Amino acid sequence: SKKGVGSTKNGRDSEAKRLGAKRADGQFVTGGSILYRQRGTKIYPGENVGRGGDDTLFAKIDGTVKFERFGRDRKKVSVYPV
Amino acid sequence: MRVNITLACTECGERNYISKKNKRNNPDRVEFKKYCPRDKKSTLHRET
Amino acid sequence: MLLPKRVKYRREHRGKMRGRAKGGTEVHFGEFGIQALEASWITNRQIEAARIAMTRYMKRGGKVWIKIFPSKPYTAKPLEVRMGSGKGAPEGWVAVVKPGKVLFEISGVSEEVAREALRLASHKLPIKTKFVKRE
Amino acid sequence: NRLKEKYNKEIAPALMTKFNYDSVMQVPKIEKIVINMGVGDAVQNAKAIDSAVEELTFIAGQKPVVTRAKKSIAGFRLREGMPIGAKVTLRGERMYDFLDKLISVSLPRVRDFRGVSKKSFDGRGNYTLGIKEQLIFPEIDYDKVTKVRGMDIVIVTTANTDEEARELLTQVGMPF
Amino acid sequence: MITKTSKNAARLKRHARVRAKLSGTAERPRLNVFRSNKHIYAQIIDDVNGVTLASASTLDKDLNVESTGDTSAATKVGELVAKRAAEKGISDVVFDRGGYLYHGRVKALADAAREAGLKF
RNA sequence: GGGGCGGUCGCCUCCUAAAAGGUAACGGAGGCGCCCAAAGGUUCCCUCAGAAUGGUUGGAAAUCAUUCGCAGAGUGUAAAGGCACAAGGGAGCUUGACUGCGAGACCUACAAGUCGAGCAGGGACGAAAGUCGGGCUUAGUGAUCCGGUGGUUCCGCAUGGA
RNA sequence: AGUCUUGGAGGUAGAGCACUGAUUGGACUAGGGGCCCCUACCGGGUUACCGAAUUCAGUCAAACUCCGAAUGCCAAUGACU
RNA sequence: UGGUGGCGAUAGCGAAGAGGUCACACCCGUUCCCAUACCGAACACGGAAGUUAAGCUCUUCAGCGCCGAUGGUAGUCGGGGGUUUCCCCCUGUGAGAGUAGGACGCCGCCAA
RNA sequence: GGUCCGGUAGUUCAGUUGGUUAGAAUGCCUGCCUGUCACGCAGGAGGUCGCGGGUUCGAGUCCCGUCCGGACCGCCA
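In order, the protein sequence lines correspond to chains u, 1, j, c and l.
The authors' numbering numbers the first residue of the first sequence as 11 and each following residue consecutively.
The authors' numbering numbers the first residue of the second sequence as 1 and each following residue consecutively.
The authors' numbering numbers the first residue of the third sequence as 1 and each following residue consecutively.
The authors' numbering numbers the first residue of the fourth sequence as 2 and each following residue consecutively.
The authors' numbering numbers the first residue of the fifth sequence as 1 and each following residue consecutively.
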């Protein structure tokens, strides 16, 4: 014999997006390249790096990338011209 | 409800801009001032 | 029969057990206590039976301390069903007990009677136990 | 004005000697006298606030502001956005001109009067009145009055404790 | 007493707010103003090295007036700081009100600097 | 976890997810098929929820006054990230909720999706700096074909028109 | 490409209560049962009989984290392979 | 003593105590610039009567907050066993809530 | 065991959708009528919405779970 069950109503989710840093500390970068595809201001932009409409960080001037602590807890990206 | 609308102008017939609007909040034929391309300057745009 | 009066979710992972207990490894409120030396689950029925076996025997001698709460629920699919197609309904509450945790503690009672009474209650639990006393 | 000159001349020296403040300007001072209006509207009668505003303007020296209710509450059916109450602040020469009317004519003109509330203080020199009638000065066009609701009145001082303010109000001229 | 916040304390928040957007780099320094009750100070500052270039004040050791704090003093000190920039000429600066409102003696100072020729 | 019946079919948030990213199940929890002529842009100015105490109509809460108060409150909405140097709240002006674009880069089987400094034409805001190519960031939406409507300095079967 | 060195993001194991919840005892009291009377209990006197709020101590969490590795991953520098 | 920057609060919060001729700040009154969705506290306005009371600036302190390796452990990379939902041995590696204590400020440049 | 319905005055049904109002007969109570009763005529009270939890300025009327019943399905070897 058999018995019936159903109504899980949980098998759904968003086709998840990619979030991470795709330039390494010390990597050379070119103007307009992406540094960190955050979602929300997880790490604020420093000099020469902008802040996109979707909270993204991009380098304005080609050079070398560097991460560094901002204040007590926060971080910040920067690009140091070579 | 929000309904699509296309913008029009008296300075020149050729107009292209589109927008959204609520009938309840703006029953009246709305006006905006925007840059027309073919007139190459800013003008006052009505809707159709 | 300790119900948690409310819970954030009624289903969650069974989890795993590793290492000694995080806290409450020794007697803290009573003269003497009982400790579990392996990891396992402990459920409402177990704590209730052990509590009664303690207090009903001990009568007016003193008070008994319980350091356990079955905040964790555990599920079980309905009887006679093909597995899968949704987690089963919850029907019991359980408390994780890693080794080293002291379960019950006694106060205001002579040593020997507490010893033998804890021995009596220990048979209610499914777990090898060791008698333990405050330093 | 009258009172104020008197405040400079007699009051401040007297209580400065009575409390021994090393610095003279540390002496307590009335900072503001503020009016609050409240109308059980939620709206009950839209004209109620639209009457209270321009009667309170006559009561005070200048126009009040309609108070914007903070959050909605269905207990009174008070939706957030329907105005209730009105406020007018007074200070400078105006506060003394107001206290003049109050102490001299208003309180003695109440339907009945005994010494004002004994312990209305907050704890840190502030002090409040609840007066039920609008009969504050006798030349209001008093026949106009439909609703009898009086005023909520708060006097705010630079006092840091209740005792000094209590003492000050005495020679300011408030009975108790 | 009633908790009255310091006027300078309130002003500092506005000054930090405005300073967040700009600052005076090399060959683009920043002007600054103090609008004290009794005096007016002006400063030309280079942020990155953290040092000033030239300054001016109502209580400068010459060209004094009985004003020493009014709009006339603001105009005079403005043209003074313009010269103080002139000798080690910079010719351009980023204006930065000291968390003030651009209506009064600050406007007088700005007008003086502009007419003297410090191109904002 | 044989079929039938039940349930589901696209998109968005989190956990499962094993400290990069990615990662399934008829696994565990929610939401979307919009809304906003201001809830946009810009300049300027502040600051919360709750609590205690006095105050009437009026209490547990209406509206006041003091004090405490790192965020408990808010952020159009569902979760997360992040926000009191505002991204939260208020006022004036305004329509960049622009056109032509776009060095580079992310994401990717393909189709698509995303960010983007910088240039030119004209603006809006502000004295200026300088900001503005829609919402505080992520959902609020679909191929091609065919047809409708507007502009066309394009072609239009001998030529001129259609 | 591997390894050595340097620098990065990353919040798991672990640990913990600083937040969100769960949660055990002591102290304490607001407020409730507690009958008597005066009586509309006005209030007193009222059991630890319950009992919110705080503070001392204590135990938990995939959708809690003030913390946080080992590894893995992304690069730079040079050195050997 | 003022102004204005950088530094992780080792800078904060508290508790006490000192200062002001000059500097600063409270103060004085809205006459005209400007403003109070009501107001000269606030915005600006033009002085200088009196006051260090507060702000601000200095002296002191471990009550709170903050910072903080040493040896332990728990965990764990890589090997090896065991009666194996889980335990144990070896090369490293190294938790944090705990104390050793640091700290109730350090660097500037223009005006005294 | 699954899917779908509902649960309201003492009884029976609207409202239950209109998030912002609890209603209609019967019953019951008082009076009148009749010698008395019954019809009949005047008047009047009631539930505050199965239970628990949650969104919201506001839940009966929205969303969840629990109890209650009622409708349908539970098939192929």
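Backbone N, C-alpha and C fix where the C-beta goes; we use that ideal spot for every residue, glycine too.
Checklist entry - How is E56 (chain c) classed by DSSP in three states: helix, strand or coil? => result In the fourth sequence, residue 56 (chain c) corresponds to position 55, counting from 1. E56 (chain c): helix per DSSP, three-state reduction.
Next on the checklist: Cβ closer than 7 Å: which chain c residues qualify as neighbours of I2 (chain l)?
Outcome noted: Mapped onto the fifth sequence, residue 2 (chain l) falls at position 2. Per Cβ cutoff of 7 Å: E32, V157 and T159.
Checklist entry - When Cβ atoms are compared, which residues of the segment 5 to 20 of chain j fall closer than 7 Å to chain u? => result Hits within the stretch: zero.
Checklist entry - Going straight from the alpha carbon of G41 (chain u) to that of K101 (chain j), what length do you get? => result Here residue 41 (chain u) is taken as the residue at index 31 of the first sequence, counted from 1. Here residue 101 (chain j) is taken as the residue at index 101 of the third sequence, counted from 1. Near 59 Å, if we compare the C-alpha coordinates of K101 (chain j) and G41 (chain u).
Checklist entry - Does the segment 95 to 107 of chain l touch the segment 69 to 79 of chain l, meaning 3 or more C-beta pairs lie closer than 8 Å? => result Short answer: they touch.
Checklist entry - Do three or more CB pairs link the segment 46 to 58 of chain l to the segment 17 to 30 of chain l at distances below 8 Å? => result yes
Checklist entry - Which whole-angstrom value describes the C-beta separation of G78 (chain l) and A116 (chain l), a residue pair presumed to lie in contact below a C-beta threshold of 8 Å? => result As a position in the fifth sequence, residue 78 (chain l) is number 78, starting the count at 1. As a position in the fifth sequence, residue 116 (chain l) is number 116, starting the count at 1. Correct: roughly 7 Å between the Cβ atoms.
Item to check | Contact set between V97 (chain j) and chain u, taken where Cβ atoms lie within less than 9 Å | outcome: Position 97 of the third sequence, counted from the first residue, corresponds to residue 97 (chain j). Correct list: empty, because the minimum Cβ distance to chain u is about 31 Å.
Checklist entry - What residue does the alpha helix (DSSP H) around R3 (chain c) start on, and which one ends it? => result Within the fourth sequence, numbered from 1, the residue matching residue 3 (chain c) stands at position 2. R3 to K7 is the span of the alpha helix (DSSP H), which, as asked, contains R3 (chain c).
Checklist entry - So, helix, strand or coil for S122 (chain j), using DSSP? => result By 1-based counting over the third sequence, the position of residue 122 (chain j) is 122. Three-state DSSP puts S122 (chain j) in a helix.
Item to check | Pick from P65 (chain c), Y143 (chain c) and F20 (chain c) that is closest to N37 (chain c), judged by C-alpha positions | outcome: Your numbering for residue 37 (chain c) matches position 36 in the fourth sequence. With distances taken between Cα atoms, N37 (chain c) lies closest to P65 (chain c).
Checklist entry - How would you list, in chain order, the residues of chain j whose beta-carbon sits under 7 Å from the beta-carbon of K13 (chain u)? => result One-based indexing of the first sequence puts residue 13 (chain u) at position 3. Here the neighbours are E80 and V81.
Checklist entry - What does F131 (chain j) pair with, by DSSP beta-bridge criteria? => result As a working note, residue 131 (chain j) is residue 131 in the third sequence. Bridge partners of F131 (chain j): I34 (chain j).
Checklist entry - Under the three-state reduction of DSSP, which class applies to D46 (chain l): helix, strand or coil? => result As a working mapping, residue 46 (chain l) is identified with position 46 in the fifth sequence. Note: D46 (chain l) maps to strand in three-state DSSP.
Next on the checklist: If I follow the unbroken beta strand (DSSP E) through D153 (chain c), where does it start and stop?
Outcome noted: What you label residue 153 (chain c) is simply residue 152 of the fourth sequence in a count that begins at 1. Unbroken beta strand (DSSP E) run through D153 (chain c): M152 to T158.
Checklist entry - How many angstroms separate the CA atom of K71 (chain c) from the CA atom of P84 (chain c)? => result Taking the first residue of the fourth sequence as position 1, residue 71 (chain c) is located at position 70. Taking the first residue of the fourth sequence as position 1, residue 84 (chain c) is located at position 83. Looking at the backbone, the Cα of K71 (chain c) and that of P84 (chain c) are separated by about 10 Å.
Checklist entry - Bridge partners of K85 (chain u), per DSSP? => result By one-based count along the first sequence, residue 85 (chain u) stands at place 75. Residue pairing for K85 (chain u): DSSP places it in a beta bridge opposite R79 (chain u).
Item to check | Within chain u, partners of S85 (chain j) - CB distance below 8 Å | outcome: Indexing the third sequence from 1 puts residue 85 (chain j) at position 85. Simply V15, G16 and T18.
Checklist entry - What does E105 (chain j) pair with, by DSSP beta-bridge criteria? => result Counting from one through the third sequence, the residue named residue 105 (chain j) turns up at place 105. In the DSSP output, where bridge partners are listed per residue, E105 (chain j) has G33 (chain j) and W65 (chain j).
Checklist entry - Between the Cα of residue 1 (chain c) and the Cα atoms of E134 (chain c), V155 (chain c) and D101 (chain c), which residue gives the shortest distance? => result As shown, chain c starts at 2 and ends at 177. That puts residue 1 (chain c) outside it, with no answer to give.
Next on the checklist: Assuming contact is defined by CB atoms lying nearer than 9 Å, are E31 (chain j) and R119 (chain j) in contact in what I supplied?
Outcome noted: As a first step, residue 31 (chain j) is located in the third sequence; it is residue number 31 there, counting from the start. As a first step, residue 119 (chain j) is located in the third sequence; it is residue number 119 there, counting from the start. No, they are not a contact pair.
Next on the checklist: Does the structure place the segment 81 to 101 of chain c close enough to the segment 51 to 62 of chain c that three or more beta carbon pairs sit under 8 Å?
Outcome noted: yes
Next on the checklist: Need the endpoints of the beta strand (DSSP E) that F34 (chain l) sits in, please.
Outcome noted: What you label residue 34 (chain l) is simply residue 34 of the fifth sequence in a count that begins at 1. Run containing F34 (chain l): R30 to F34, per the beta strand (DSSP E) assignment.
Item to check | Per-residue burial, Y57 (chain j) [other beta carbons within 10 Å of its own, 16 or more giving buried] | outcome: The residue labelled residue 57 (chain j) in the question sits at position 57 within the third sequence. Burial call: exposed.
Next on the checklist: At the level of alpha carbons, what is the spacing between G19 (chain j) and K98 (chain j)?
Outcome noted: For this step, residue 19 (chain j) is matched to residue 19 along the third sequence. For this step, residue 98 (chain j) is matched to residue 98 along the third sequence. Approximately 7 Å between the Cα atoms of the pair.
Item to check | Nearest-angstrom beta carbon gap, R79 (chain u) and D65 (chain u) [assumed within contact, 8 Å] | outcome: Position 55 of the first sequence holds residue 65 (chain u). Position 69 of the first sequence holds residue 79 (chain u). That belief does not hold up - the Cβ atoms of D65 (chain u) and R79 (chain u) are roughly 20 Å apart, past 8 Å.
Item to check | Own chain, CB closer than 7 Å to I71 (chain u), minus 5 neighbours either side, in chain order | outcome: For the purposes of this step, residue 71 (chain u) is taken as residue 61 along the first sequence, with counting starting at 1. Closer than 7 Å at the Cβ level, and outside the excluded window around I71 (chain u), lie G41, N58, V89 and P91.
Item to check | Bounding residues of the alpha helix (DSSP H) (the contiguous stretch that carries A26 (chain u)) | outcome: Counted from its first residue, the first sequence places residue 26 (chain u) at position 16. Where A26 (chain u) is concerned, there is no enclosing alpha helix (DSSP H), given that its DSSP letter is neither H nor E.
Checklist entry - Rounded C-beta distance between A56 (chain l) and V81 (chain l)? I'm assuming under 8 Å. => result On the fifth sequence, position 56 is the one that residue 56 (chain l) refers to. On the fifth sequence, position 81 is the one that residue 81 (chain l) refers to. Indeed they touch by this definition, with Cβ atoms about 4 Å apart.
Item to check | Supposed close pair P70 (chain j), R10 (chain j) - CB separation, criterion 8 Å | outcome: Stepping through the third sequence from its first residue, residue 70 (chain j) is reached at position 70. Stepping through the third sequence from its first residue, residue 10 (chain j) is reached at position 10. That belief does not hold up - the Cβ atoms of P70 (chain j) and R10 (chain j) are roughly 13 Å apart, past 8 Å.
Next on the checklist: Which residue wins for smallest C-alpha separation from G82 (chain c), given the options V44 (chain c), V117 (chain c), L130 (chain c) and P109 (chain c)?
Outcome noted: Translated into positions along the fourth sequence, residue 82 (chain c) becomes position 81. Closest by alpha carbon: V44 (chain c).
Item to check | Three-way DSSP call (helix, strand, coil) for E87 (chain l) in this model | outcome: Here residue 87 (chain l) refers to the residue found at position 87 of the fifth sequence. In this structure, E87 (chain l) counts as helix in the three-state DSSP scheme.
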